[PDB]
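K.L.:
Before anything else, here's the structure in question.
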Amino acid sequence: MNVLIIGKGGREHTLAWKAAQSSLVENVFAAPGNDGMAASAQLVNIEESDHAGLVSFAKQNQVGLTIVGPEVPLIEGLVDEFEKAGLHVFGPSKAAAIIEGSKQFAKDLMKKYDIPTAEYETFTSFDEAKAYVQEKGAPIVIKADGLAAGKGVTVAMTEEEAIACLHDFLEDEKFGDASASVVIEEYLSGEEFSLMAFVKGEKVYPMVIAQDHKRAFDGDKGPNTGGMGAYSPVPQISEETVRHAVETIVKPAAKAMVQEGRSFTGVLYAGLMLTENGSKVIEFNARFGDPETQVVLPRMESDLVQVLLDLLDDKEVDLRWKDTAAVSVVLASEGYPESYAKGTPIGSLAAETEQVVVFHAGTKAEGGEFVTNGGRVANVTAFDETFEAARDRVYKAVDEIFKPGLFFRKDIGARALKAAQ
Ligand SMILES: Nc1ncnc2c1ncn2[C@@H]1O[C@H](COP(=O)(O)OP(=O)(O)NP(=O)(O)O)[C@@H](O)[C@H]1O
Ligand SMILES: [Mg+2]
Ligand SMILES: [Mg+2]
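Below is the structure:
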């Protein structure tokens, strides 16, 4: 079989890396893929945005399973297009991807179906949105309804901050239609963790959970990023917490979507906050997480491709997890998340340390070597039998391949390991 992985980030590298291990698979194609992936995937020069070429390529190249990585094509209905051409494709229809594409939709689903989440309301009027902020006071969380570059969320510590954000989103239409509607919701805290599941209609096959660091700097200080590192398991979260999340959030969410005529197939990603009142949904994503995939997938004992094919063909899914631990650290370009420059030479990015995989997020092969090609550059990912050893191993690996234009957080996983004990 030929498998197509769509996209170009670290999640897709992980996907291609895992698929490559399948006994079922003859070719793994990655469109567009990136140069970090060439050992695991034959790169196919088509953009995740180029839906017609993607569909036409898969159709004509005997691609028996397509796995979609990024959210935008899913949200824009790439799966419908694949299926119109009779291609076998894993991921949600445009109707189902709304659970990520429209935060208001997601909050309303949970309201309707008693799935626990932050108390919220949605607005299209600045005046009414501002009044509600002044009523609730700070802290309060302001979210653009649509994707908004991934920049649509402000956790406001003051009313002024919240109202300025509402100004941007609504009066200035900062993100256009994505911010023509806003969700205003309760600030939560506690342990934040990711619970993904393979889902088809009502069937839910949970994955091991992960946790990430979104803050640029150690001590979780500084601006937000697209993720500075992650790990699975999350030591300080019980198995009971996870199983309860699976039972009262993920499965009910999957059921709800069927009952809404938006039957969901793909990875349902639940971003959860373990509060003093228990898990509450911070967000839903309609696809594999980044950077979570990088520590979750490698823990899979099962063959990803077999799982997906069984799931899609309504067969028994035999999905097994390893006890091992995975921990990854992001190398980002100096300056990210603000301004950064592409082109810095950063070497081979090859580790000697064993049980390490570097998933490339923003690299380009240039002159026998790798240069930086984005803010977050690689996810150095180490596996081991305990959290703490995986933790120690990944930082061996990192120093080894570290280079001038890069930074990274040194404390990935340490608060977790500590709070566990
Ligand atoms: N209700 C809330 N209370 C507290 N923090 C929140 C709340 N909603 C969101 N956040 C925080 O805002 C960040 C989430 O913003 P978001 O854009 O959803 O992040 P993300 O992890 O990049 N999601 P995605 O881009 O889909 O992978 C996290 O640091 C959350 O913990
Ligand atoms: Mg999201
Ligand atoms: Mg079988």
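Residue 72 in PDB author numbering sits at position 72 of the sequence shown; the count goes up by one each step and never skips.
We put the beta carbon where it would ideally sit given N, CA and C, even for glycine.
Any residue with its C-beta under 7 Å from a non-hydrogen atom of ligand 3 counts. Can you list them all in chain order?
P.N.:
The answer, residue by residue, is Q306, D310 and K315.
K.L.:
Whose CB is closer than 6 Å to a heavy atom of ligand 2? List the residues in chain order.
P.N.:
Checking every Cβ against the heavy atoms of ligand 2 under 6 Å gives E100, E283 and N285.
K.L.:
State the DSSP-derived secondary structure class of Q294, mapped to helix, strand or coil.
P.N.:
Of the three classes helix, strand and coil, the one that applies to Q294 here is helix, per DSSP.
K.L.:
Buried or exposed for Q104, going by 16 or more other Cβ atoms inside 10 Å?
P.N.:
So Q104 counts as buried.
K.L.:
Compute the Euclidean distance between the alpha carbons of residue 451 and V246, then round it to the nearest angstrom.
P.N.:
The structure shown does not extend to residue 451, since the chain spans only 1 to 421, so no value can be given for it.
K.L.:
I'd like the list of long-range same chain contacts for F288, defined as Cβ closer than 6 Å, with 5 residues on each side in sequence excluded.
P.N.:
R11 and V267, listed in sequence order.
K.L.:
Would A41 and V28 be called neighbours here (beta carbons separated by less than 7 Å)?
P.N.:
Contact flag set, yes.
K.L.:
To the nearest angstrom, report how far apart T158 and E192 are at their CA atoms.
P.N.:
If you take the alpha carbons of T158 and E192, they lie about 22 Å apart.
K.L.:
Just to confirm the assignment, what range does the alpha helix (DSSP H) spanning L304 have?
P.N.:
It spans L304 to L312 - the alpha helix (DSSP H) in which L304 sits, taken as one unbroken run.
K.L.:
Excluding sequence positions up to five away, which residues of its chain have a Cβ less than 8 Å from the Cβ of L109?
P.N.:
Only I99, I115, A253, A256, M257 and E260 meet the Cβ criterion.
K.L.:
Measuring alpha carbon to alpha carbon, tell me which of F123, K151, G150 and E160 ends up nearest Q134.
P.N.:
Minimum Cα distance to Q134 is reached at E160.
K.L.:
Relative to ligand 1, is the shortest distance from any of its heavy atoms to the C-beta of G150 smaller than 6 Å?
P.N.:
Answer for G150: yes, Cβ within range of ligand 1.
K.L.:
Put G219 into one of helix, strand or coil per three-state DSSP.
P.N.:
Three-state DSSP puts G219 in a helix.
K.L.:
Report the option in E276, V330 and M300 whose CA atom is closest to the CA atom of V398.
P.N.:
Comparing Cα positions, the closest option is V330.
K.L.:
So, using beta-carbon positions, are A420 and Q236 closer together than 7 Å?
P.N.:
Their beta carbons are under 7 Å apart, which means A420 touches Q236 by this criterion.
K.L.:
Below 7 Å between beta carbons: does that hold for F90 and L308?
P.N.:
Cβ atoms of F90 and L308: closer than 7 Å.
K.L.:
Using DSSP bridges, identify the partner residues of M300.
P.N.:
Looking at the DSSP assignment, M300 forms a beta bridge with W321.
K.L.:
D218 and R409 look like a contact to me (Cβ under 8 Å); what is the Cβ gap, rounded to whole Å?
P.N.:
Contact holds; Cβ gap of about 5 Å.
K.L.:
Compare the Cα-Cα distances from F383 to each of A341, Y187 and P233 and report the closest residue.
P.N.:
Checking every option, the nearest Cα to that of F383 belongs to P233.
K.L.:
Given that a residue counts as buried once 16 or more other Cβ atoms are within 10 Å of its Cβ, and exposed if not, what is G367?
P.N.:
Burial call: exposed.
K.L.:
Pull up the distance between the alpha-carbon of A164 and that of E338, whole angstroms please.
P.N.:
Answer to the nearest angstrom: the Cα atoms are 20 Å apart.
K.L.:
Which residue wins for smallest C-alpha separation from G375, given the options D313, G9 and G176?
P.N.:
The candidate whose alpha carbon is nearest that of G375 is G9.
K.L.:
How is the alpha helix (DSSP H) around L268 delimited, first residue to last?
P.N.:
No alpha helix (DSSP H) contains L268, which is instead part of the beta strand (DSSP E) from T265 to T275.
K.L.:
Examine the Cβ distances between the segment 354–369 and the segment 312–322 and report whether three or more of them are shorter than 8 Å.
P.N.:
At 8 Å Cβ cutoff, the stretches do not touch.
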